[PDB]
Structures are given as C-alpha cells and as structure tokens.
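A short worksheet on the structure shown next.
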Amino acid sequence: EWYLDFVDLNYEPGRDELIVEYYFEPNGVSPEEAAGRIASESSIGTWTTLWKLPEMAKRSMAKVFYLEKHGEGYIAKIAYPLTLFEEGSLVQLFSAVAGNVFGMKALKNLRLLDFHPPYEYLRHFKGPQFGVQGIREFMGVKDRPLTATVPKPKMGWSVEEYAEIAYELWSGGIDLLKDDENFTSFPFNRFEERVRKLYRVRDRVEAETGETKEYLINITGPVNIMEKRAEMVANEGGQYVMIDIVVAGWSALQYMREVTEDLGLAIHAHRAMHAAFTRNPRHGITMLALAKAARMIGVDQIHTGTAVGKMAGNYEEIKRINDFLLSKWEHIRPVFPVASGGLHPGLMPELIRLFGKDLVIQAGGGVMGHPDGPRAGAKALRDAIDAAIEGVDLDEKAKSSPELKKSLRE
Amino acid sequence: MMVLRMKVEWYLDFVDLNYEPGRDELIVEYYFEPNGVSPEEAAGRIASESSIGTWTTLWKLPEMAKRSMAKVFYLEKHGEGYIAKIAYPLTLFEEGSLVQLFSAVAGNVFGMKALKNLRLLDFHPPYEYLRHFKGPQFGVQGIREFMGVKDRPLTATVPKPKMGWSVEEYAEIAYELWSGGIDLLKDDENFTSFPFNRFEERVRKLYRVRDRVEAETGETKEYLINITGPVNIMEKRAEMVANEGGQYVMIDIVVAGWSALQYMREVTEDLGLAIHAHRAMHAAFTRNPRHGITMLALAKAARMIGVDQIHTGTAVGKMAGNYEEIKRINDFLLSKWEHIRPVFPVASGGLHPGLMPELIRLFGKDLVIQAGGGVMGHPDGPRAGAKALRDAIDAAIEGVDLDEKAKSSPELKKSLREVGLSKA
Amino acid sequence: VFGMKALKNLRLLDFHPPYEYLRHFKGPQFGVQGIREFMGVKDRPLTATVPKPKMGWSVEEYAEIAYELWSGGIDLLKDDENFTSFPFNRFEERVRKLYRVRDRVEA
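Residue numbers (the entry's author numbering), protein chains in the order written: chain E, 9 to 418; chain A, 1 to 424; chain B, 109 to 215.
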C-alpha cells in the first residue's frame, strides 16, 4: 500500500474527525507524496504483506484533504477518524500526530501548526479547573491584570532569606510570588520547609494589607514527588502550583490535572525548554499547538511572550496565542496568558493597550531593581497598572506615587 | 551615614576561560551562534540563565548565590558558530531529579533572543550527581540472561499495518512472528488501548500465546508492549504486564516526558520489568544540527534514569542516518560508565535479512534489531520472514555467506531473490 | 552514673534480672538449636567468611566470590560491618543476585 491512498483533496471531513495542520518541505519526493507519508505515518502506516489485513485499519486511515503551496513549502490539512485515538489520552494523540513524522527522511522540515479536536474528542478533557474567572474570584481581583514576580537572583535563597524577600514583594503590592523554573528543592531550601514558612508569611501579609496573596510554587519533579508537593501546598492553604510542563511532560501533566482537581489547586504552566522545538518556523511544534494541548488538559495560566521596547517576540504570533487562550471553546474555561520578559512600570500602558487586562504580568527584574528596593518596585508596578486601567498619563500619576516616579527616571 | 551596596551581576562575569573545573562539577557542552552580541556575551547568557541569572538590586544577596554560578571555561569557533563548555556546581541541582537538571540546562536558554541558535551537545555528570541514579535495572547482560540469548543480536517486529488490529487478529500475527523465530513482538508507538483492542484484554491474550510459543519452540519470547499514557494509567498497565508474566514494557519516553519516566523507573524496579524506550517526537528537537538537544544527550539522560534499550537509528540505503553520529550514540550506550549498566541500541528503519551482515559488521552483536516490513513482507508470510531474519543473523555471526546459507534455508533464499526483483 | 565527678572510674560488670523482669523478653528466636536445624548442621561448628577486601565490590564481583566461598564449603557468607548499600552495590540488587547464587550452590 502507497502514500497516495492517504490523499484525497476533494474529501470533506465530518464534524467527528480530528484535523491537524502541518507545514512541510519535501525532500526528493512530490508535495503530494510527502503529505501522504505524513498521513500514513500518523495513522495506519503501510501494509502489503500476504497477511490478513485487520478489519479496523481501513476505517482508521488519515486523509490529506487540503494541500497548497506556502512560502518555501506547503501546508497540508489532514483528517483523522477517532478510531485512531485513545480518548482522553493527549499523550497518545501526540504519539500519533507529533511523533515519528518529524523524523521522516522524505521531508526536509515538518511543523505541526494547529489541531482541531471534534466534540467527541474534546468532551473527554475538562479544561482548566478555575481559568480566568476562577482565579479572579479566589484572588479577589475583578478587573486589572495580576502581578507576579520571580526574585532575583533566581537561585540560592535559604528558606529564611526567601521568606524575607517574599514579605517585601507581597507587602509592596505583588499578587503572586513566583519561583524560578530551576528553583525546586535544595539542602538549603527544602520544599516542605519552604511551604511551612512561606504560607505563614503569605497569611501575615494578607492580614496586614487586606489583599489576597498567592504563590506560584514550583512543584516540578518526578511525578510522585510533584504529587506529594502539591499535597503539601494544599494542606498549607495554597491555591496554586507551578509546573514546568515541557520539561516534566505530557504524561505527568495529565495526571497532575487529576491531582489538582482533588486538591483545589490552579496550575501555572511554565514553558521552559519549549523553544527547543517551537522557535524554528520550518520545523517542530508551534507554541499555539502547545498552548491548545495545555489548555485542553487544563492549565489555568501559561507563559506566551511579550512586546517590549528592549525585549519583544512576534506580536502577531503572541496575540494569536493569547486570543486562542481567552476564546470561547465549548466547556473549556479560558486561560490567563502570562506576560514576562524585561517588563517594568513604564511598559504597562502599552502592554495593556495591546494585550488587554486579562494577563498575569511577571516583572521581577524591574521590581527587584527599583532604586528604593523591591517593596517600592512592587508598588511602582501596581501604581503604573492602575494608571493604565484608568487612562491616566504615567507622569500625572507620578505626582502621587513616588515609587512609580523613581521608576520612570530610568 | 549609611552606605548601601547595589549588587550587579552581568553576562561576562560568567565567562572565565582560565577556570579549571573540579571533578565534582557538572559540565554541559553547547553549540551556539550569537545574534547581535559577542560570542563571549552569548556564552555568558547561557551560563547565566542556566544558573543564577543576572540582576541589579539593593536587596541582600542570598549567601549561596555566589556558590551557585555557572562558569564558561571553554569557548572556541566551530563551523558557523561556537562551542562553549560550561561548569556547574552541584549546589544548583536537586539531586536525583533529571527533570530539574534539564529545567536548568535545557530550559529558557533555547528561547534567548541574543542567540540565533542553541544546541545542547552533551553533559558530563560528576560522581556525586550520577550516584543518585540507578541506571538500567537489566541492561544488556540482564536482558540477555532472561531472554536466554548469549551472543547474537535480538530480533523484534512491529506488525504491519501498525493500527487497527483486534485482540484476536493481533494474537494470530503474534503467533506467526514468534513461532518463526522473532524474539520480541513490538507494539507501534501509536498503539495503546482502543475499544477494539483494550489493553487489559490484549495482555491476557497475548501472554497466553507467548507462553504457548515458548512451550512449542523451547525459546524465550517477549513483548515490548506499549504502556504509554497518563502516568497513573502507565503504572496500572505495567502492573498488569508483570502480573501476566511479562518482563518488558515499552514507553514512548519523549511524548510521555522525563517526569513520568523517572517515576516509571521506580515502578519497574518493583515489578522486575525492563524498559524499551521508543523515541517518537525526538526529531522535533534532535534533527536540526544548529538547534535543540542531540540524540546523544537524550540517550545519556535515558540511560542514567535507566531505560534498558533505546532506538538510535541505522545504516541502510533505505534509512541511512549519519554513520558517525549513530556510532557515537551506540558506543556511549554500551560504554562502561561507573555503576550504570550498558543499554541495548535498537536498530530500525527498513531492515531485512540481506542487510544483516553489514549491520552487524558496522554496529556489533549487541543490538536489538527491529525488522518490520522485511518480516511482514516476506513472500511466504510473516512466519517465513522471521525465519529468514534469524537465519541471516546466524550466518552473519558465523561468517557464512548469505547465498551459502540460503541453500539450507528456503526462507532466506526467497527473501534474497525478492530484493533483487524489487531493486531498480 | 558514668559521668559523676565523685567517681574517677565506673564499670558496669554484670546485671541479674529477676524472673518477673526477664519473662517480658523472648530471647533468641532460633539460638543454637534453631540455627543448627535450619542449616542442617548437627555437631560441627559453622563457618563464615567476609570477603577481602572489605569494600568496593560490585554485585557481579560479589556474586563471583560468594560462589567460590560457598562452593568450597563455607556455610555462611558474611558482609563486612561497613558494607551496607552503595551506588555500585545496591542492597536490593545484591539480594536478588546473591540468593540466586546461594540456591544454585545448594543445588
């Protein structure tokens, strides 16, 4: 059996079939053959063999129904019957549509652009437990973006040193303390010691300020360890855990979604390592597909990138990802985009004008750098956010917030 | 009259080309190309973002920050870029957690605007890092022992087509493959559990067939059964396999991920199961020679945690990946490495009986040889194909010409004739 | 009592528990007779050997020395007091191998 049996550019996919879109460049074969190879490798493969062909194999063939020239290559869209899939298992879906296909010698490059799961696939995924509205409610923040802050330096803090910095950041106005992706558990900062202490400091600051404060605490590890750590956070009164979802990976993430369902924890998804496969525009998996999978399983917050006078990724791509994350999508609650990357108070209006108010804004570097110290930097960050939301020029505001003034000089 | 200290840390402070790392530091080798910054600055950015980062702050530095800095100690031009080697103190690591190691050395660094491209080439764990990994439970010698196969490569076959089989149809093809001489039935990376082939129904049936073939042939047969799934599911499926008498599970380790793998290694330690790692999805990040993570590094992580066998690529006409790269990976997999047992390279990609002499000459006898199409495609059927593969391997090992062997092996004779009829 | 400044030296020589104290102790499960019975050795003393050197053996190297010792007539293989569990000789890996060797030598 041959690759062109998987190609039919007149086929019209049913509403119960899953669609994957790929960019590809052929290597020594026709665009049609290459697309047929993708469909084959991601479904039943080849046969031809004197052996009895299994009865479900014809009903499991993928079909390329769209193929067009695009830049230096081609886009194919391919339809997949649900007989190919273990329903509820994102892991098995990606084993099919994002696996061996990337190694095929008959392609120069292959990029998985997007996928579109039908109702009968999507209904076996819960999506986020809280999402934007869930978080807004437990944080008590109805309208403005939320603020987050990873301390600098990002490693090396003892439990006590971390308690002290956390008190300054939260007290100065930060909503969310954030651990660095590399900051898990060390001899001088054991995870359970950190939990015991940091939630007591959190509760003290809530009592002194009257505002809800939370901790994007890094539970990343071997799954059994991440589960135990999630249990410790819940037992101490935490409503968030942070997981490096790409480093940890899809099998752990799906299970952890069941763990956090029982313990009432929102998931903050850090995407470290993503750029190993999401950066190259000709090859890998797009950040959009990654986000879509992550939203389906049910992260409540995820990093996507920013636009920024020093930093800044592709505006269009970021806005496409964010629009998807906030979009209506059947029962799947919307996800907060997390904006990070050289953010500081002066950038807040624009970040907000361009990306809206439904954001978690991570700005630790600017907060830690304030000339009056971290607590003043946090206020400067809340103070320029309030001004964006209200339509006030940052130089007017600065007349009644010297922590923002001191920030604007630089 | 207070004098305060603004602490400043910058990228070039992470570069010291005269630094001599201790034997108890972890070393990572990177290839990179700078974008708009000096090679020094780029290298510094890597060391920084994989360690303590940079910053400007009045706040008191945490005491362990200065002892947690990575240092660039080697930096030289390489092709259109540069190689850096970077040294890491173990204070930066949660020991036993490869998840955390990779979050540091293989994380945010790949997304840095100031690098055009970034590839992690290799890493070298010091003894005090490595000693908190068990490595493979069985490795080469353990598998050889339970399979009862002392010298020759082992054989494996994934049925064709790769999806759609009912439990009964899969039992019938398995009987053929095993009976004709294949050592290891192998599930496709996509083939987990379906309405028409439920995992637990498949285990009950196939291990009965397995045991029947063992009784009939006097040879040990095994099954690289795909337990890939959400971690709890993978765990339950591993328990079902062990319960039925199985000694192997297959995990799609890249799609599943490191966190699940590390835990599954504890599960399999308890159940006596060897792990066959399928690497589907790797090429999304291992294929670009300028950017990503090499198959060698992935393989090293997987060996350290403890997969017992892993796919590395082959040298064929019809699948030839780079000979140099592949041989490097296999050499590593099989090399002495403290207490870490050696791992079988799994060779796959259009193999058939006529390639066995070349495959063995070039890559040795310590291989698992997966020969799907070649076996399933034999003109006399899959049983005959399996025999042809086993006979070609016995000949390669004995230094006997394939056409000489074919005189006492009808299956091998037909297989050889077909290649010629299907070759341009 | 050992730290009292009013004593220059103190040595506990022996103690003698009365029946109502001693009765709340089981003593050995096996003792001499229990051991002789499960070892199948009725009269002669039993023999034991700790390998030399005392440390540094891998599981497989430890299996090979044990085979020699047991096969030549030693009754009891013995670990050195410092030999617990190491990266190159993990206790559970040792247990699995050494008892298979043990059963082989018995056969």
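Beta carbons: idealized from backbone N, C-alpha and C, even for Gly.
Would you mind stating whether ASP252 (chain E) and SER103 (chain A) have Cβ atoms separated by less than 8 angstroms?
Yes, Cβ-Cβ distance for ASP252 (chain E) and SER103 (chain A) is below 8 angstroms.
Any beta carbon from chain A within less than 8 angstroms of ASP270 (chain E)'s own beta carbon?
For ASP270 (chain E), the answer is no, since every Cβ of chain A falls outside 8 angstroms of its Cβ.
Figure out for me which residue from E:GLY399, E:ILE397, E:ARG383 and E:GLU398 has the closest Cα to the Cα of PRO410 (chain E).
Answer by Cα proximity: E:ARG383.
Going by alpha carbons, who is nearest to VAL255 (chain E) out of A:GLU76, A:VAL255 and A:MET250?
Minimum Cα distance to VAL255 (chain E) is reached at A:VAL255.
Should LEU184 (chain E) and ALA156 (chain E) be called a contact, given that it needs their Cβ atoms to be closer than 8 angstroms?
Contact: yes.
Quick check on DSSP: helix, strand or coil for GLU25 (chain A)?
The answer is strand: DSSP assigns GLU25 (chain A) an E or B state.
Who are the neighbours of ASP252 (chain E) on chain A, taking C-beta pairs under 8 angstroms?
Within 8 angstroms Cβ-Cβ: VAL99, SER103 and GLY107.
Count the other CB atoms within 10 Å of the CB of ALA424 (chain A); is the residue buried (16 or more) or exposed (fewer)?
That one is exposed.
Given that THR228 (chain A) touches chain E, what residues does it touch there, using C-beta distances under 7 angstroms?
Correct list: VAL99, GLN100 and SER103.
With 8 angstroms as the C-beta to C-beta threshold (strictly closer), list the residues of the region 336-367 of chain A near chain B in chain order.
Result list: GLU338 and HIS339.
Would you kindly work out how many angstroms separate the C-alpha atoms of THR268 (chain E) and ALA274 (chain E), rounded to a whole number?
For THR268 (chain E) and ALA274 (chain E), the distance between alpha carbons rounds to 7 angstroms.
Can the beta-carbon of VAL231 (chain A) be found less than 8 angstroms from the beta-carbon of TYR207 (chain A)?
It is not a contact, given that the beta carbons lie outside the stated cut-off.
Using the C-alpha atoms, what's the distance from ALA106 (chain A) back to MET281 (chain A)?
The alpha-carbon atoms of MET281 (chain A) and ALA106 (chain A) are separated by roughly 17 angstroms.
Using a Cβ-Cβ cut-off of 7 angstroms (strictly less than) and excluding sequence neighbours within five positions of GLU418 (chain A), which residues of its own chain qualify?
Closer than 7 angstroms at Cβ, skipping near neighbours: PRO379.
Which residues of the region 186-201 of chain E have a Cβ closer than 7 angstroms to any Cβ of chain A? Give them in chain order.
Cβ contacts with chain A come from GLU189, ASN190, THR192, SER193, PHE194 and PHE196.
Quick one: grab the DSSP three-state call for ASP366 (chain E).
Coil.
Under a CB-based cut-off of 8 angstroms, is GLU411 (chain E) close to chain A?
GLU411 (chain E) does not count as touching chain A.
Just how far apart, CA to CA, sit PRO195 (chain A) and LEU118 (chain A)?
Rounded to whole angstroms, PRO195 (chain A) to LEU118 (chain A) spans 43 angstroms at the Cα level.
Exposed or buried, what is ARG131 (chain B) when buried is set at 16 or more other beta-carbons lying within 10 Å of its beta-carbon?
Result: exposed.
If you measure between the beta carbons of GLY139 (chain E) and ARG341 (chain E), is that distance less than 8 angstroms?
Yes, these two residues count as a Cβ contact at 8 angstroms.
Could you compute how far the alpha carbon of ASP391 (chain A) sits from the alpha carbon of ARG152 (chain A)?
Distance between the alpha carbons of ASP391 (chain A) and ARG152 (chain A): 11 angstroms.
For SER51 (chain A) and chain E, any beta-carbon pair shorter than 8 angstroms?
For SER51 (chain A), the answer is yes, since a Cβ of chain E falls inside 8 angstroms of its Cβ.
Give the straight-line distance between the Cα atoms of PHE73 (chain E) and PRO21 (chain E), rounded to the nearest whole angstrom.
C-alpha separation (whole angstroms): 8 angstroms.
List the whole-angstrom C-beta distance separating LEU120 (chain E) from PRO34 (chain E), where the pair is believed to meet the contact cut-off of C-beta under 8 angstroms.
With a Cβ gap of about 17 angstroms, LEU120 (chain E) and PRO34 (chain E) do not count as contacting.
Whole angstroms are fine: how far does the CA of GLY142 (chain B) sit from the CA of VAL149 (chain B)?
Cα-Cα distance, rounded: 11 angstroms.
Can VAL203 (chain A) and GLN370 (chain A) be called in contact, C-beta distance under 8 angstroms?
Going by C-beta atoms, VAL203 (chain A) is not nearer than 8 angstroms to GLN370 (chain A).
Run through DSSP, which three-state label would residue 444 (chain A) get?
Past the edges of chain A, shown from 1 to 424, lies residue 444 (chain A), and the structure says nothing about it.
Of all the beta strand (DSSP E) runs that stay within the bounds of the region 34-62 of chain A, which reach a length of 3 or more residues?
Counting whole runs of 3 or more residues, the region 34-62 of chain A contains the beta strand (DSSP E) stretches 55-57.
Which chain B residues sit within Cβ distance under 8 angstroms of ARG131 (chain A)?
Neighbours of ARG131 (chain A) on chain B, chain order: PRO195.
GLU29 (chain E) to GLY350 (chain E), Cα distance in whole Å?
Straight-line Cα distance between these residues: approximately 33 angstroms.
I'd like to know if residue 419 (chain E) contacts chain A, where contact means its C-beta is closer than 8 angstroms to some C-beta of that chain.
The structure shown has nothing for residue 419 (chain E), since chain E only spans 9 to 418.
Could you name the residues of the same chain whose beta carbon sits closer than 6 angstroms to that of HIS124 (chain A), not counting the 5 residues immediately before and after it, in chain order?
Closer than 6 angstroms at the Cβ level, and outside the excluded window around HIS124 (chain A), lie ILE27.
Check whether the Cβ of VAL15 (chain A) lies closer than 8 angstroms to any Cβ atom in chain E.
Closer than 8 angstroms: no.
Find the residues of chain E that neighbour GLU94 (chain A), judging by a C-beta separation of less than 8 angstroms, and give them in chain order.
Per Cβ cutoff of 8 angstroms: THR192, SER193, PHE194 and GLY229.
Expressed to the nearest angstrom, what Euclidean distance is found between the alpha-carbon atoms of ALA84 (chain A) and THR314 (chain A)?
C-alpha separation (whole angstroms): 29 angstroms.
Taking CB distances under 8 angstroms as the criterion, tell me whether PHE110 (chain E) reaches chain A.
With 8 angstroms as the cut-off, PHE110 (chain E) counts as an interface residue toward chain A.
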